[PDB]
Each structure stands twice: as structure tokens, then as C-alpha cells.
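Shown next, in C-alpha cells, is the structure this report addresses.
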Amino acid sequence: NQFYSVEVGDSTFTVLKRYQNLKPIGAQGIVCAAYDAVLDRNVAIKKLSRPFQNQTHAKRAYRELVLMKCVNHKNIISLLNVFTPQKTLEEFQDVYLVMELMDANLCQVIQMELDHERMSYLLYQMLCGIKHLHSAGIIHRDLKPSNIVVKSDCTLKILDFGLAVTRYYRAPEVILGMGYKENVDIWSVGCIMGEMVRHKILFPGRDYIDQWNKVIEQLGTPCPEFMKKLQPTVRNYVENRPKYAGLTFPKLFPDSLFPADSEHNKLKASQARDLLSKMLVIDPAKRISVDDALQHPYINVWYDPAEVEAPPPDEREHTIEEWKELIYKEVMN
Ligand SMILES: O=C(NCc1ccccc1)c1cc(-c2n[nH]cc2-c2cccc(Cl)c2)c[nH]1
């Protein structure tokens with residue numbers, strides 16, 4: 001038999017024998033670090049039990065499965081291997097995802113007293129990976145530090161492909177039911193960029209009501225041109241709020257937060273504040289796009305013309321049992 005079981009914490013990992021001494025380490029599953037004798041590199045193994053028994057979850061697990069193979073990019077996590085220990089459909093149960101092992105996730109990095117070199121370089125890689133996703137037709141809409149993992153050389157990778165509860169990093173046009181274009185992901189990048197700076201969540205709403213309130217509390221009531229763009233019932237809910245003028249970005253992110261040591265740092269701080277003011281905009285029409293973000297003086301020292309400019313590479317609802325077989329078929333390559 002080609003598998004063997006190890007227990008790690010609450011979980012028992014039954015994997016191919018190629019993966020050795022599993023040890024503990026998100027996401028929508030349970031995860032172990034492991035050694036891969038076949039490739040001779042450490043890997044992460046995520047376990048997905050009965051992924052088909054939650055409709056929403058099944059669709060997303062199927063998607064993350066076919067896309068994660070469809071996509072290839074240095075800043076997206078790619079599927080090294082997928083397998084199931086069960087040998088028949090009737091008994092099919094667990095899916096195991098193997099990815100390359102990283103050294104931390106972004107929430108852990110965010111906590112460091114980070115400088116602009118590291119900070120902009122991570123953001124470069126985020127925008128860079130976002131841009132790619134976009135050129136494939138994937139618009140994420142659900143980016144958050146927890147689904148981002150980085151190595152100790154600061155190389156970065158987005159772990160998932162988002163939408164078709166943490167609401168903190170969701171764009172306004174998402175939580176409000178408006179259409180969206182590419183830069184709907186720019187919002188998220190900015191809630192993160194601003195979070196490396198305060199070290200705290202920008203818009204930590206207790207719920208979806210208090211979400212919007214943490215937002216227009218700091219940025220101010222959107223202009224009528226924006227409100228005109230809401231559905232009649234959504235307006236009234238969003239209108240009726242307390243009207244705010246918002247705060248200037250030197251106020252939302254005072255010099256206190258950045259390492260304004262000397263000229264370089266001072267300049268780099270204001271640039272960061274400038275980018276933040278272009279990314280953290282409520283109206284998608286006034287919000288910066290991914291490219292100009294990459295070309296921003298806070299970011300562009302990282303711009304590698306080839307690494308970016310380069311060769312550019314559904315949806316139904318199912319019964320649980322049709323998900324199970326659909327997901328099963330996929331794992332059977
Ligand atoms: O903290 C980490 N590694 C350090 C570590 C801890 C214990 C043992 C070895 C290494 C770490 C790795 C990862 C990771 N690397 N590749 C994939 C992942 C990953 C973890 C959880 C969920 C997904 Cl979808 C992917 C996330 N955090």
C-alpha cells in the first residue's frame with residue numbers, strides 16, 4: 001500500500017509514502033509541513049475533508065482545484081500534487097493539496113516593525129500576482145493577509161482565487177452589491193498596506209453594518225455620483241448613516257507610523273501615504289488601477305519589465321453527490 005497515517009494534533013494525515021515526517025504548521029482545511037523524497041523539497045499538505053458537503057464550499061474547492069493548476073505565476077501558490085487515500089467514489093472522503101512550503105503568512109509579517117524596502121516589495125508582489133490573475137480573467141475580490149504566505153527572503157504568494165466571516169478587506173462595491181472592475185482588488189491591497197502601517201485592522205466591523213461605518217468614518221461619505229450608482233434600497237441604508245467628512249490621509253496615517261528618520265524615509269512615507277490615498281478610495285471610478293500602482297514611486301523600484309509585461313494565459317450549481325463525483329473526477333486527474 002502506497003499510503004500511511006500520521007497523527008498531527010486533532011488530525012490524522014493519511015498521505016502517500018513519499019511525504020515524510022509530517023509536522024504541524026488557515027485555510028479552508030488542515031495543514032502540515034512535510035518532506036518530499038520524490039522532489040527532495042519540503043512541502044505543505046492541506047487536508048480537505050468532505051469538501052462536497054457544503055454547497056458553497058464544494059464550488060470553491062472545485063474552483064481552487066482547476067484554477068490552481070490552470071494558473072502558473074511566481075506570486076500565486078501552485079498545486080504540486082493532489083491525491084485521495086480513498087479508492088472508490090462511494091468511500092471517497094479526503095482531498096490532500098500539496099504546495100511548496102513557505103515560512104510564514106502575512107498576518108505574521110504585518111506584526112514586524114517593517115521598513116519601506118520590505119514593505120513595498122511585498123506590495124509589489126501582491127499587485128504583480130493580482131495583475132496576473134486579472135489577465136487570466138480571475139478577479140479575486142477576497143484578498144486578505146491570512147491567504148497570503150511569504151518566504152524568509154520575502155518572496156510572496158497569494159493562496160487562493162477568491163469569489164465567484166472576515167469582511168474587513170472587501171471592497172465597498174462588493175459589500176454593497178455594485179458591479180466591479182479590476183481595481184476592486186486594489187481596495188484590499190490598501191487595507192493591507194494600511195495595516196502594515198498601523199499594525200491594526202483598518203475597518204474591523206463587528207458585522208456588515210459596522211463595517212461600512214468603520215469605513216465612511218475614516219474616509220467620509222461618498223459623493224452623490226457614487227450614491228447614484230447604488231440600487232434604490234441600498235442607497236437608503238447607506239445614506240441614512242451619519243454624514244462624515246472623513247480624515248486627511250496624513251491624519252489616518254500620521255508620520256508617527258512611518259520611519260521618517262531622514263530624507264529617504266520622509267519622502268518614502270509621503271509616497272506611501274499617496275498610494276494609500278489612491279488605493280483606499282470608496283468609488284471604483286476614482287480608485288487607482290493595478291498598473292499605475294505598480295508604477296507608483298513607492299513601488300516602481302521593484303518593477304521588472306519582463307516579470308510583469310509577459311505572455312497572458314463556467315459556474316453552475318450542483319447536488320452534494322454531483323459535487324462529490326465532480327471533485328473526485330478532478331483529483332483523478
Ligand atoms: O508558518 C509557515 N511555515 C513555517 C513552518 C512552521 C512549522 C513547521 C515548518 C515550517 C507556513 C507555511 C505556509 C504554507 N506554505 N505553503 C502553503 C502553505 C499553506 C498553509 C495553510 C493553508 C494554505 Cl492554502 C497554504 C503557511 N504558513
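The first residue of the sequence shown is numbered 1, and numbering continues consecutively from there.
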Do the non-hydrogen side-chain atoms of [X] and [Y] ever get within less than 4.5 Å of each other?
X: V6; Y: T14; value: no
X: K324; Y: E321; value: yes
X: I148; Y: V109; value: no
X: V150; Y: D103; value: no
X: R63; Y: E315; value: no
X: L230; Y: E239; value: no
X: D283; Y: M227; value: no
X: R198; Y: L257; value: yes

Check whether any side-chain N or O of [X] sits under 3.5 Å from a backbone N or O of [Y] as a donor-acceptor pair, and report yes or no.
X: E91; Y: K87; value: yes
X: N265; Y: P259; value: yes
X: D207; Y: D210; value: yes
X: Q20; Y: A37; value: no
X: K157; Y: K74; value: yes
X: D185; Y: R141; value: yes
X: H140; Y: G162; value: yes
X: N75; Y: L156; value: yes
X: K47; Y: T12; value: yes
X: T221; Y: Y244; value: yes

Using a strict threshold of under 4.0 Å (side-chain N to carboxylate O), is an ion pair present between [Y] and [X]?
X: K228; Y: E225; result: no
X: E195; Y: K144; result: no
X: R60; Y: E64; result: yes

Locate the shortest heavy-atom distance separating [X] from [Y]; write the atom from each residue and the value.
X: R316; Y: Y62; result: NH2-CE2, 4.2 Å
X: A171; Y: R287; result: CB-NH1, 3.9 Å
X: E173; Y: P284; result: OE2-CG, 3.1 Å
X: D142; Y: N147; result: O-ND2, 4.2 Å
X: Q108; Y: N105; result: OE1-N, 2.7 Å
X: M126; Y: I158; result: O-CD1, 4.1 Å

Going by distance alone, is a donor N or O of one side chain under 3.5 Å from an acceptor N or O of the other, for [X] and [Y]?
X: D40; Y: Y35; value: yes
X: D291; Y: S289; value: no
X: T233; Y: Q231; value: no

Atom [atom1] in [X], atom [atom2] in [Y]: separation rounded to 0.5 Å?
X: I175; Y: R167; atom1: CD1; atom2: CZ; answer: 9.5 Å
X: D36; Y: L80; atom1: CG; atom2: CG; answer: 7.5 Å
X: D115; Y: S120; atom1: CG; atom2: OG; answer: 8.5 Å

Using 30° and 60° as the class limits, which term best fits the ring planes of [X] and [Y]: parallel, tilted or perpendicular?
X: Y303; Y: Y124; value: perpendicular
X: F13; Y: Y96; value: perpendicular
X: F52; Y: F92; value: tilted

### Task
Could you list all the ring-ring contact (aromatic ring centres under 6.0 Å, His included) pairs where at least one residue sits in residues 199-236, not counting sequence neighbours?
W187-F203
### Task
For side chain to side chain donor-acceptor pair (under 3.5 Å), just list the numbers for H116 and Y298, CA-CA rounded to whole Å, side-chain angles, deciding distance to a tenth of an Å, and then say yes or no.
CA-CA 8 Å; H116 302 284; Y298 190 70; 3.0 Å; yes
### Query
Relative to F258, does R273 satisfy both conditions: NZ or CZ under 6.0 angstrom from the six-membered ring centre, and within 45 degrees of the ring's axis?
no
### Message
Tell me which one of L275, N183, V189 satisfies side-chain contact (heavy atoms from CB on, under 4.5 Å) with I288.
### Response
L275
